[PDB]
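*Asks:* This is the structure, below, for whatever I ask next.
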Amino acid sequence: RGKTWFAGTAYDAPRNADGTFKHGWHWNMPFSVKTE
Amino acid sequence: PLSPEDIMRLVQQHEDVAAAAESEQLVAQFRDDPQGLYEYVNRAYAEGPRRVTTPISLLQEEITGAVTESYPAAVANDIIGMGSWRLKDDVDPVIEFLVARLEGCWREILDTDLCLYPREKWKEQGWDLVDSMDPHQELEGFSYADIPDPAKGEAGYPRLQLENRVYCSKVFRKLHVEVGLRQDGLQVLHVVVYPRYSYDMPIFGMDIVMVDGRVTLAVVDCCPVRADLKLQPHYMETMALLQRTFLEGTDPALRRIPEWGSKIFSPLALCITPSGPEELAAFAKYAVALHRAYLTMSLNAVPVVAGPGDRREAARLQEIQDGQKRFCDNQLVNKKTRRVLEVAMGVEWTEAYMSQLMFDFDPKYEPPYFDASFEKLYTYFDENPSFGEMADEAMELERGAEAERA
Amino acid sequence: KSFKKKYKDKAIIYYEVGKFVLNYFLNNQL
Amino acid sequence: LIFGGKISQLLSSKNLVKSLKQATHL
Amino acid sequence: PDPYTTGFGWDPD
């Protein structure tokens, strides 16, 4: 979960408590999430 | 005036003449038009679309004007291409063409009996799509796009990604396609078709190993399962005819025999290092044609049963099981080779993948299959239906009207 | 000329296939 | 139920950037 | 250059 894209950076997607992306998002989905 | 020895000889005559008859009745379909084993896609494209002559589509064309058109299975799988593969964009065009051709041959020849392999064996363990940087499936199988490729030297380099497609059929216990990719330009295609432990049928094998877009190894074979390491006469005749048809030129030997294939390779097995687009194209044509011929000869295969009555069938079944075990063990002792692409995904995980998937042998586990074979009936009765006595009377009235008018 | 036809046909048939796959999974496999 | 068809269309589509672009952030 | 109309795939012929 940390070896993914930017990770600890202001450019990362929002993440849940367990490290999964918010709404179960992934980087191949056709939509971009909003940073929290 | 007949003698017991000659009664036994007469039995031998009848017995092997039936074998001869079956062999030529299986070769005769490919004897005439061997190029039809490869140019079937082009011939179906030249045939073009078929107007669907069903009454519902005819009513659709009569009311809305919309025409329903269908296509043959060959151009259907050509339209599909690779398909919905998770790694269909990172693969080489040659590997993509080969995967499309072999998967289309499966889905076309083995229709109405091709099942997906049970998910608890390969898919519930996450082996349908494995990534080197995510061995524990912490990203729910989305690591291929969730994780960027490793930097040079940086831990994880080179990244190895393997996508697997395992199917079952009536005559085949496992039809396995494995596509492996690595950062150093190396791509591996591994296609193995396994007959069940009731058929005297060879195991189909293909391995395409390329480095940086150039094909370095290309192996296609019908590996035998018998004790004497020889195939049936129909397999020998078909392989020789297809080699003559598609290989045409090149050097005649082209067999290094790298000390591990000698226990599993057929006498007409092909293992080349392609040097030239012409030789690569000839190999691809030969391999697609050989796979289509193998699947076409799979249609009329009859399982071997034993138990009461006779024991030579039991000996044949034991020979089939031994040959499959020998092929699996020879592919398992391959660790001076392809297993080096593994170890990046651990050693114990390499063992738990090698033994469980791909080359797996077991006397007690035969995968279940669903032979529908009634979709043919449903499609036939949608093409040629019966409309009832009232519609027969209405058509009689219409025919009388056209007879009295025209 | 026919590659555009192939792309359009593939998009249409995959849309229909995915729609009915989702319909069957939600309405029957639950 | 609404979006399944578009999801399958996205999953079954060839990315043409790797077939178009040839040979800093290479 | 029109994409979606020509190219993009190996072929022995």
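Naming works like this for the structure tokens: A, B, ... for the chains as they're shown, residue 1 at the start of each chain, ligands 1 onward in shown order.
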Residues within 10 Å of residue D:14, please, as a PyMOL selection string. Count only C-alpha atoms; anything in the same chain fewer than 4 positions from it doesn't count.

*Replies:* (chain B and resi 81-85+88-89) or (chain C and resi 7) or (chain D and resi 10+18-19) or (chain E and resi 8)

*Asks:* At a cut-off of 10 Å, list the chain E residues touching chain D, using only C-alpha atoms, as a VMD selection string.

*Replies:* chain E and resid 3 to 4 7 to 9

*Asks:* Restrict the selected residues to N, CA and C atoms and save them as a CSV table (one decimal), in the first residue's frame.

*Replies:*
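Result file is again-v6.csv:
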```
chain,number,residue,atom,x,y,z
E,3,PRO,N,-6.5,7.6,-35.9
E,3,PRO,CA,-6.5,6.3,-35.2
E,3,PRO,C,-7.8,5.6,-35.4
E,4,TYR,N,-8.0,4.4,-34.8
E,4,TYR,CA,-9.2,3.7,-34.9
E,4,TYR,C,-9.6,3.3,-36.3
E,7,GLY,N,-4.0,-0.2,-38.6
E,7,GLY,CA,-2.7,-0.5,-37.9
E,7,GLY,C,-2.9,-1.2,-36.6
E,8,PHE,N,-1.9,-1.1,-35.8
E,8,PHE,CA,-1.9,-1.5,-34.4
E,8,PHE,C,-2.2,-3.0,-34.2
E,9,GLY,N,-1.2,-3.9,-34.6
E,9,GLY,CA,-1.3,-5.3,-34.4
E,9,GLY,C,-0.5,-6.1,-35.4
```

*Asks:* May I have the residues within 10 Å of residue B:239 as a list in words, using only C-alpha atoms and disregarding those fewer than 2 positions away in the same chain?

*Replies:*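 Those residues are residues 221, 222, 233, 234, 235, 236, 237, 241, 242, 243, 244, 245, 266, 267, 268, 269, 270, 286, 289, 290, 293 and 294 of chain B.
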
*Asks:* Could you pull the residues within 8 Å of stretch 10-25 of chain A, counting only C-alpha atoms, minus those fewer than 4 positions along the same chain, as a compact mmCIF listing (two decimals) with N, CA, C and O atoms, in the first residue's frame?

*Replies:*
```
# COMPACT_ATOMS: atom_id res chain seq x y z
N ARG A 1 0.80 -1.22 0.00
CA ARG A 1 0.00 0.00 0.00
C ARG A 1 0.84 1.27 0.00
O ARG A 1 0.30 2.35 -0.29
N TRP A 5 1.70 4.81 -6.09
CA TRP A 5 2.00 6.17 -6.50
C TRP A 5 2.12 7.06 -5.25
O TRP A 5 1.96 6.60 -4.11
N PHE A 6 2.29 8.36 -5.46
CA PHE A 6 3.10 9.28 -4.66
C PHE A 6 3.14 9.08 -3.14
O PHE A 6 4.10 9.54 -2.50
N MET A 29 -9.05 3.81 -12.43
CA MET A 29 -10.45 4.18 -12.57
C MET A 29 -10.58 5.44 -13.42
O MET A 29 -9.70 6.31 -13.39
N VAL A 33 -10.44 11.46 -7.84
CA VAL A 33 -11.01 11.82 -6.55
C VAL A 33 -10.51 13.20 -6.15
O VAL A 33 -9.61 13.76 -6.78
N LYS A 34 -11.12 13.78 -5.12
CA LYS A 34 -10.73 15.08 -4.60
C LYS A 34 -9.93 14.90 -3.32
O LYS A 34 -10.30 14.11 -2.45
N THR A 35 -8.82 15.64 -3.21
CA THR A 35 -7.96 15.54 -2.03
C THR A 35 -8.66 16.11 -0.80
O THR A 35 -9.33 17.14 -0.87
N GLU A 36 -8.49 15.42 0.32
CA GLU A 36 -9.09 15.85 1.58
C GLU A 36 -8.17 16.81 2.32
O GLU A 36 -6.95 16.79 2.14
N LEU B 139 -3.62 -4.80 -2.66
CA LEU B 139 -4.29 -3.79 -3.48
C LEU B 139 -5.46 -4.36 -4.27
O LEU B 139 -5.91 -3.74 -5.23
```

*Asks:* Tell me, as an mmCIF file with C-alpha atoms, in the first residue's frame, which residues lie within 12 Å of residue B:335, counting only C-alpha atoms; anything in the same chain fewer than 4 positions away does not count.

*Replies:*
```cif
data_model
loop_
_atom_site.group_PDB
_atom_site.id
_atom_site.type_symbol
_atom_site.label_atom_id
_atom_site.label_comp_id
_atom_site.auth_asym_id
_atom_site.auth_seq_id
_atom_site.Cartn_x
_atom_site.Cartn_y
_atom_site.Cartn_z
ATOM 1 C CA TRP B 260 15.598 -31.347 -20.818
ATOM 2 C CA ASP B 329 7.830 -33.693 -13.473
ATOM 3 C CA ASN B 330 9.977 -32.781 -16.491
ATOM 4 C CA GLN B 331 8.366 -29.342 -16.517
ATOM 5 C CA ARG B 339 11.820 -20.721 -12.882
ATOM 6 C CA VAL B 340 14.571 -18.055 -12.844
ATOM 7 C CA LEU B 341 11.878 -15.584 -13.916
ATOM 8 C CA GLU B 342 10.346 -16.537 -10.572
ATOM 9 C CA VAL B 343 12.259 -16.375 -7.213
ATOM 10 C CA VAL B 347 10.868 -19.463 -3.544
ATOM 11 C CA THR B 350 7.250 -20.345 -6.589
ATOM 12 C CA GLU B 351 6.785 -23.908 -5.316
ATOM 13 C CA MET B 354 4.441 -24.524 -9.801
#
```

*Asks:* Please find the residues of chain B near chain C - the criterion being any atom within 10 Å, counting only C-alpha atoms - and write them as a PyMOL selection string.

*Replies:* chain B and resi 75-76+78-81+84

*Asks:* Determine, counting only C-alpha atoms, which protein, DNA and RNA residues have an atom within 12 Å of an atom of residue B:364; residues of the same chain fewer than 5 positions away are not included. Present the result as a PyMOL selection string.

*Replies:* chain B and resi 196-197+321

*Asks:* Leaving out residue B:215 and any residue of its chain fewer than 4 positions from it, which residues lie within 8 Å of it when counting only C-alpha atoms, given as number ranges by chain?

*Replies:* B: 208-211, 273-274, 280

*Asks:* If the cut-off is 6 Å, can you tell me the residues of chain A near chain B, counting only C-alpha atoms? I'd like them as number ranges by chain.

*Replies:* A: 4-5, 27-28

*Asks:* Return the single residue from B:52, B:8, B:2, B:87 that is closest to chain D, with distances computed using only C-alpha atoms.

*Replies:*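 Smallest distance to chain D is found for B:87.
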
*Asks:* Record the distance separating atom CA of residue B:100 and atom CA of residue B:77, expressed in Å with one decimal.

*Replies:*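 Result for atom CA of residue B:100 versus atom CA of residue B:77: 7.1 Å, one decimal.
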
*Asks:* Which residue gives the smallest distance to chain D among B:7, B:57, B:93, B:38, with only C-alpha atoms counted?

*Replies:*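 Closest to chain D, using only C-alpha atoms: B:93.
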
*Asks:* Just the number, please: distance in Å from atom CA of residue B:334 to atom CA of residue B:181, one decimal.

*Replies:*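 It comes out at 18.8 Å.
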